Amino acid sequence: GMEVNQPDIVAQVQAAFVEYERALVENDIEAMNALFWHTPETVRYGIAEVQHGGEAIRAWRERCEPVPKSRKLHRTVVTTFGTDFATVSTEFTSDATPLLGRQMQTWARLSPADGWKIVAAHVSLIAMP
């Protein structure tokens, strides 16, 4: 069904999410690719770019500038729906910009074997409200 924030499920998603953040910080491309859905339907809206399909996304990871090592997360919200779906929303700052970063990822577990993956993500920077 759709129990909201079942504790086991919140814990799985937190684990997967913080593993993605490690991959991000270390620019561990293989680890990022393992956790991001890789199909033509995948969409990623990034800070300065738009990517439709896993192939575009992967090609972009190979050439893009890495996240700043000073990246710091703020006000992370992990919300899960039943056992297989979730959203993780966080803000972020770093020394590389005065702007406020926002990141929202939709996570799904499309089969037990596949485990948790990001099926869509949107990242933006805005002036500190």
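One-based numbering along the sequence shown.
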Practice prompt. Taking the chain's C-alpha temperature factors as the reference, tell me which third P68 falls into: lowest, middle or highest.
Written response: highest
Item to complete: Report the third (lowest, middle or highest) to which the CA temperature factor of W60 belongs, ranking only the modelled residues of the same chain.
Response: highest
Fill in: Modelled-residue ranking by C-alpha temperature factor, third containing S111
highest
Worksheet item: Lowest, middle or highest third of the chain for the C-alpha temperature factor of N33?
Response: highest
Worksheet item: Among the modelled residues of its chain, does the C-alpha B-factor of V4 lie in the lowest, middle or highest third?
Response: middle
